[PDB]
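Novice: Supplied structure: my_file-v3.pdb, PDB, C-alpha atoms (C1' of nucleotides).
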```pdb
MODEL        1
ATOM      1  CA  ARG A   7      -7.341 -28.081 -12.322
ATOM      2  CA  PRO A   8      -7.652 -24.512 -13.747
ATOM      3  CA  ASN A   9      -9.152 -21.639 -11.822
ATOM      4  CA  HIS A  10     -10.281 -18.056 -12.332
ATOM      5  CA  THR A  11      -7.322 -16.567 -10.403
ATOM      6  CA  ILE A  12      -3.647 -17.422 -10.128
ATOM      7  CA  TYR A  13      -1.154 -17.763  -7.345
ATOM      8  CA  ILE A  14       2.283 -16.262  -7.847
ATOM      9  CA  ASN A  15       5.155 -16.530  -5.395
ATOM     10  CA  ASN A  16       8.933 -15.990  -5.366
ATOM     11  CA  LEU A  17       7.998 -12.339  -5.703
ATOM     12  CA  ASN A  18      10.194  -9.463  -4.505
ATOM     13  CA  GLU A  19       9.665  -9.281  -0.751
ATOM     14  CA  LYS A  20      11.059  -5.718  -0.763
ATOM     15  CA  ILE A  21       8.558  -4.015  -3.094
ATOM     16  CA  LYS A  22       5.716  -1.866  -1.672
ATOM     17  CA  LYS A  23       2.146  -3.363  -1.843
ATOM     18  CA  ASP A  24       0.517  -0.677  -3.953
ATOM     19  CA  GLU A  25       3.413  -0.386  -6.404
ATOM     20  CA  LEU A  26       3.427  -4.154  -6.641
ATOM     21  CA  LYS A  27      -0.140  -4.540  -7.937
ATOM     22  CA  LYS A  28       0.183  -1.700 -10.465
ATOM     23  CA  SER A  29       3.409  -3.323 -11.599
ATOM     24  CA  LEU A  30       1.480  -6.591 -11.907
ATOM     25  CA  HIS A  31      -1.642  -5.301 -13.529
ATOM     26  CA  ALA A  32       0.623  -3.887 -16.189
ATOM     27  CA  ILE A  33       2.285  -7.206 -16.819
ATOM     28  CA  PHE A  34      -0.968  -9.171 -16.936
ATOM     29  CA  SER A  35      -3.532  -6.657 -18.242
ATOM     30  CA  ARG A  36      -2.833  -8.093 -21.647
ATOM     31  CA  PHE A  37      -4.232 -11.564 -20.924
ATOM     32  CA  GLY A  38      -7.877 -10.877 -20.143
ATOM     33  CA  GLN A  39      -9.805  -8.896 -17.530
ATOM     34  CA  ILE A  40      -8.453  -8.663 -14.020
ATOM     35  CA  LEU A  41     -11.273  -8.817 -11.497
ATOM     36  CA  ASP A  42      -8.744  -8.066  -8.831
ATOM     37  CA  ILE A  43      -5.118  -8.736  -7.991
ATOM     38  CA  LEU A  44      -4.586  -9.568  -4.295
ATOM     39  CA  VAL A  45      -1.384  -8.437  -2.570
ATOM     40  CA  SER A  46      -0.421  -8.863   1.110
ATOM     41  CA  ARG A  47       2.900  -8.188   2.891
ATOM     42  CA  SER A  48       2.296 -10.119   6.151
ATOM     43  CA  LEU A  49       4.692 -12.782   7.395
ATOM     44  CA  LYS A  50       2.741 -15.531   5.647
ATOM     45  CA  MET A  51       1.545 -13.733   2.558
ATOM     46  CA  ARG A  52       4.613 -12.035   1.205
ATOM     47  CA  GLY A  53       6.668 -12.552  -1.899
ATOM     48  CA  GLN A  54       3.433 -13.910  -3.303
ATOM     49  CA  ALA A  55       0.169 -12.633  -4.905
ATOM     50  CA  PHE A  56      -3.236 -13.693  -6.297
ATOM     51  CA  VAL A  57      -4.391 -11.995  -9.477
ATOM     52  CA  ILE A  58      -8.054 -12.686 -10.293
ATOM     53  CA  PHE A  59      -9.115 -12.960 -13.905
ATOM     54  CA  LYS A  60     -12.405 -12.579 -15.766
ATOM     55  CA  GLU A  61     -12.264 -16.076 -17.204
ATOM     56  CA  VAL A  62     -10.201 -19.239 -16.767
ATOM     57  CA  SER A  63      -8.883 -18.716 -20.328
ATOM     58  CA  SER A  64      -6.679 -15.739 -19.600
ATOM     59  CA  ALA A  65      -5.212 -17.680 -16.654
ATOM     60  CA  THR A  66      -3.933 -20.748 -18.520
ATOM     61  CA  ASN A  67      -2.390 -18.311 -20.990
ATOM     62  CA  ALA A  68      -0.869 -16.037 -18.393
ATOM     63  CA  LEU A  69       0.438 -19.196 -16.743
ATOM     64  CA  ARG A  70       1.674 -20.803 -19.950
ATOM     65  CA  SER A  71       3.482 -17.745 -21.192
ATOM     66  CA  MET A  72       4.652 -16.064 -17.947
ATOM     67  CA  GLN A  73       6.504 -18.760 -15.917
ATOM     68  CA  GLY A  74       9.875 -17.602 -14.647
ATOM     69  CA  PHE A  75       9.230 -14.156 -15.986
ATOM     70  CA  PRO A  76      12.115 -12.200 -14.487
ATOM     71  CA  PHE A  77      10.143  -9.669 -12.483
ATOM     72  CA  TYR A  78      11.805  -7.054 -10.330
ATOM     73  CA  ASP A  79      14.882  -9.183 -11.028
ATOM     74  CA  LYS A  80      13.103 -12.395  -9.904
ATOM     75  CA  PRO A  81      11.473 -15.198 -12.012
ATOM     76  CA  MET A  82       7.846 -15.440 -10.941
ATOM     77  CA  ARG A  83       6.509 -18.818  -9.926
ATOM     78  CA  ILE A  84       2.943 -19.197 -11.090
ATOM     79  CA  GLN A  85       0.164 -21.651 -10.164
ATOM     80  CA  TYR A  86      -3.570 -22.068 -10.442
ATOM     81  CA  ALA A  87      -5.070 -21.031  -7.096
ATOM     82  CA  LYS A  88      -7.797 -23.162  -5.429
ATOM     83  CA  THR A  89     -10.820 -20.932  -4.633
ATOM     84  CA  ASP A  90     -11.424 -17.167  -4.708
ATOM     85  CA  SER A  91     -14.778 -15.778  -3.717
ATOM     86  CA  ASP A  92     -15.228 -13.828  -6.921
TER      87      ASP A  92
ATOM     88  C1'   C B   1     -20.439  12.256   6.830
ATOM     89  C1'   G B   2     -19.701  15.016   2.448
ATOM     90  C1'   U B   3     -17.760  18.610  -1.313
ATOM     91  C1'   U B   4     -13.670  22.905  -2.047
ATOM     92  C1'   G B   5      -9.219  24.575  -0.497
ATOM     93  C1'   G B   6      -5.049  24.208   2.528
ATOM     94  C1'   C B   7      -1.111  21.207   4.893
ATOM     95  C1'   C B   8       1.578  15.897   5.860
ATOM     96  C1'   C B   9       3.122  11.052   3.959
ATOM     97  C1'   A B  10       3.696   8.060  -0.268
ATOM     98  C1'   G B  11       4.174   7.635  -6.147
ATOM     99  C1'   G B  12       5.693  10.849 -10.363
ATOM    100  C1'   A B  13       9.816  13.970 -14.725
ATOM    101  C1'   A B  14       5.881  16.473 -14.163
ATOM    102  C1'   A B  15       1.107  17.436 -14.573
ATOM    103  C1'   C B  16      -1.838  14.201 -11.758
ATOM    104  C1'   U B  17      -2.783   9.942  -8.360
ATOM    105  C1'   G B  18      -3.483   7.141  -3.298
ATOM    106  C1'   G B  19      -3.946   7.935   1.789
ATOM    107  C1'   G B  20      -4.112  10.835   6.248
ATOM    108  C1'   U B  21      -5.425  15.419   8.706
ATOM    109  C1'   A B  22       0.860   9.279  17.055
ATOM    110  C1'   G B  23       5.500   6.923  18.476
ATOM    111  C1'   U B  24       0.518   5.724  14.340
ATOM    112  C1'   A B  25       1.266   6.406   8.902
ATOM    113  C1'   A B  26       5.913   6.848   6.928
ATOM    114  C1'   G B  27      11.718   6.657   6.183
ATOM    115  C1'   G B  28      16.248   3.661   7.118
ATOM    116  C1'   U B  29      18.567  -0.792   8.628
ATOM    117  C1'   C B  30      19.483  -6.021  10.541
ATOM    118  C1'   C B  31      17.537 -10.810  11.414
ATOM    119  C1'   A B  32      13.788 -14.511  10.650
ATOM    120  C1'   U B  33      10.491 -16.393   6.576
ATOM    121  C1'   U B  34       9.597 -19.818  -0.841
ATOM    122  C1'   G B  35       5.152 -18.797   2.785
ATOM    123  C1'   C B  36      -2.530 -20.525  -0.603
ATOM    124  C1'   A B  37      -4.933 -16.256   0.960
ATOM    125  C1'   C B  38      -9.616 -13.321   0.793
ATOM    126  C1'   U B  39     -11.666  -8.641   8.163
ATOM    127  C1'   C B  40      -6.733  -7.518   9.871
ATOM    128  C1'   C B  41      -1.708  -8.632  12.467
ATOM    129  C1'   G B  42       6.964 -11.652  12.797
ATOM    130  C1'   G B  43      11.145  -9.640  15.717
ATOM    131  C1'   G B  44      15.564  -5.996  16.848
ATOM    132  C1'   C B  45      17.431  -1.132  16.430
ATOM    133  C1'   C B  46      17.227   5.243  15.348
ATOM    134  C1'   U B  47      14.497   7.911  12.675
ATOM    135  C1'   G B  48       9.658   9.664  12.553
ATOM    136  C1'   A B  49       4.577  13.504  10.088
ATOM    137  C1'   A B  50       0.206  17.160   9.207
ATOM    138  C1'   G B  51      -3.072  17.421  12.731
ATOM    139  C1'   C B  52      -6.386  24.010   9.450
ATOM    140  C1'   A B  53     -10.553  27.187   6.952
ATOM    141  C1'   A B  54     -15.205  28.029   4.544
ATOM    142  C1'   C B  55     -19.536  25.760   3.194
ATOM    143  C1'   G B  56     -23.340  21.789   2.953
ATOM    144  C1'   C B  57     -26.240  17.158   4.558
ATOM    145  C1'   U B  58     -29.522  13.513   7.964
TER     146        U B  58
ENDMDL
END
```
I need this file expressed as structure tokens, please.

Specialist:
Amino acid sequence: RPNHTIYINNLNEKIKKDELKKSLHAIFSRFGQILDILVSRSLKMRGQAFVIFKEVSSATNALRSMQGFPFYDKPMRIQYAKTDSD
RNA sequence: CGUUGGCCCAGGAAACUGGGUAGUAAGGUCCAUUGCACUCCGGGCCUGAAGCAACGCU
């Protein structure tokens, strides 16, 4: 069940928040329009991020073509989210 | 509050960018976490900032 944004985890716990998004935007800017990419470093939200797309088309593509993309030396694990208040 | 300069932290090869003007932001390190959020927030230790000027606006 596809969704505007996507949920990525297995991300590099050690990388700084602001560098992380930039790093991400770069890797996904090509798929469509990013409404926002959400990045937290708390205990619960860490090693994981939500990037929000313009349209559920980019997503499926991002997801299809980017699974296990070795990113900061670690294969990203990508999912469709479940909500996002756009 | 704001704009222009300073100055401090962070990024950068720079130009330039983000933020800020207290044991806090930040730097280092060790443990614990594979974790679904949208107002934020694990723990230990030794380190650890600048904190000005002119002008303008209710």

Novice: Mind checking which residues fall within 8 Å of residue 41 of chain A, counting all atoms listed in the file, ignoring those fewer than 6 positions away in the same chain, and posting them as a PyMOL selection string?

Specialist: chain A and resi 57-60+92

Novice: Starting from 8 Å padding per side, set up an axis-aligned box that covers all listed atoms of segment 20-39 of chain B and hand over centre and edge lengths in Å, one decimal, as lines of an AutoDock Vina configuration file.

Specialist:
```
center_x = 3.9
center_y = -2.6
center_z = 8.8
size_x = 47.1
size_y = 51.9
size_z = 35.3
```

Novice: Specify as a PDB file with C-alpha atoms (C1' of nucleotides), keeping the file's coordinate frame all residues of chain B found within 6 Å of chain A, counting all atoms listed in the file.

Specialist:
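Below is the file result.pdb, written as the result:
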```
ATOM      1  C1'   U B  34       9.597 -19.818  -0.841  1.00  0.00           C
ATOM      2  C1'   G B  35       5.152 -18.797   2.785  1.00  0.00           C
ATOM      3  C1'   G B  42       6.964 -11.652  12.797  1.00  0.00           C
TER       4        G B  42
END
```

Novice: Please measure the separation of atom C1' of residue 20 of chain B and atom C1' of residue 57 of chain B, giving the value in Å to one decimal.

Specialist: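 About the pair atom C1' of residue 20 of chain B and atom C1' of residue 57 of chain B: they are 23.1 Å apart.
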
Novice: Name the residues, using the chain letters and numbers of the file, that sit within 12 Å of (-13.9, 18.6, 1.1) when counting all atoms listed in the file, and give them as an MDAnalysis selection string.

Specialist: chainID B and resid 1:6 21 53:56

Novice: Write the selection just made, keeping C-alpha atoms (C1' of nucleotides), as a PDB file, keeping the file's coordinate frame?

Specialist:
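Contents of the output file selection34.pdb:
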```pdb
ATOM      1  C1'   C B   1     -20.439  12.256   6.830  1.00  0.00           C
ATOM      2  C1'   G B   2     -19.701  15.016   2.448  1.00  0.00           C
ATOM      3  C1'   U B   3     -17.760  18.610  -1.313  1.00  0.00           C
ATOM      4  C1'   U B   4     -13.670  22.905  -2.047  1.00  0.00           C
ATOM      5  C1'   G B   5      -9.219  24.575  -0.497  1.00  0.00           C
ATOM      6  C1'   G B   6      -5.049  24.208   2.528  1.00  0.00           C
ATOM      7  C1'   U B  21      -5.425  15.419   8.706  1.00  0.00           C
ATOM      8  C1'   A B  53     -10.553  27.187   6.952  1.00  0.00           C
ATOM      9  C1'   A B  54     -15.205  28.029   4.544  1.00  0.00           C
ATOM     10  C1'   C B  55     -19.536  25.760   3.194  1.00  0.00           C
ATOM     11  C1'   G B  56     -23.340  21.789   2.953  1.00  0.00           C
TER      12        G B  56
END
```

Novice: Pick from A:80, A:47, A:10, A:70: nearest to residue 23 of chain A, with only C-alpha atoms counted?

Specialist: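 Checking each candidate against residue 23 of chain A, we get A:47 as the closest.
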
Novice: Which residue gives the smallest distance to residue 24 of chain B among B:49, B:38, B:11, B:43, with all atoms listed in the file counted?

Specialist: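 Answer, going by the shortest atom-to-atom distance: B:49.
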
Novice: Applying 12 Å and all atoms listed in the file, which residues near residue 47 of chain B remain after dropping the ones on its own chain fewer than 4 positions away? List them as a PyMOL selection string.

Specialist: chain B and resi 23+26-29

Novice: Name the residues that the PyMOL selection byres ((chain B and resi 7) around 8) pulls out of this structure, and write them as a ChimeraX atom specification.

Specialist: /B:6,8,50,52

Novice: Can I get the selected residues back with C-alpha atoms (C1' of nucleotides), as a PDB file, in the coordinates of the input?

Specialist:
```
ATOM      1  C1'   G B   6      -5.049  24.208   2.528  1.00  0.00           C
ATOM      2  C1'   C B   8       1.578  15.897   5.860  1.00  0.00           C
ATOM      3  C1'   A B  50       0.206  17.160   9.207  1.00  0.00           C
ATOM      4  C1'   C B  52      -6.386  24.010   9.450  1.00  0.00           C
TER       5        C B  52
END
```

Novice: Evaluating the PyMOL selection byres ((chain B and resi 31) around 10) on the displayed file yields which residues, as a ChimeraX atom specification?

Specialist: /B:30,32,43-44

Novice: Emit the selected residues as a PDB file, keeping the file's coordinate frame, including C-alpha atoms (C1' of nucleotides).

Specialist:
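Listed below is the output, part.pdb:
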```pdb
ATOM      1  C1'   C B  30      19.483  -6.021  10.541  1.00  0.00           C
ATOM      2  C1'   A B  32      13.788 -14.511  10.650  1.00  0.00           C
ATOM      3  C1'   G B  43      11.145  -9.640  15.717  1.00  0.00           C
ATOM      4  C1'   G B  44      15.564  -5.996  16.848  1.00  0.00           C
TER       5        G B  44
END
```

Novice: Give me, as a ChimeraX atom specification, all polymer residues having an atom no more than 6 Å from segment 35-38 of chain A, counting all atoms listed in the file and skipping those fewer than 3 positions away in the same chain.

Specialist: /A:31-32,64

Novice: Provide the atom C1' of residue 9 of chain B to atom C1' of residue 25 of chain B distance in Å, to one decimal place.

Specialist: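 Taking atom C1' of residue 9 of chain B as the start and atom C1' of residue 25 of chain B as the end point, the length is 7.0 Å.
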
Novice: If I take atom CA of residue 18 of chain A and atom CA of residue 73 of chain A, how far is one from the other in Å, to one decimal?

Specialist: 15.2 Å

Novice: Taking all atoms listed in the file into account, which of A:29, A:75, A:21, A:39 comes nearest residue 62 of chain A?

Specialist: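 So, comparing all the options, the nearest one is A:39.
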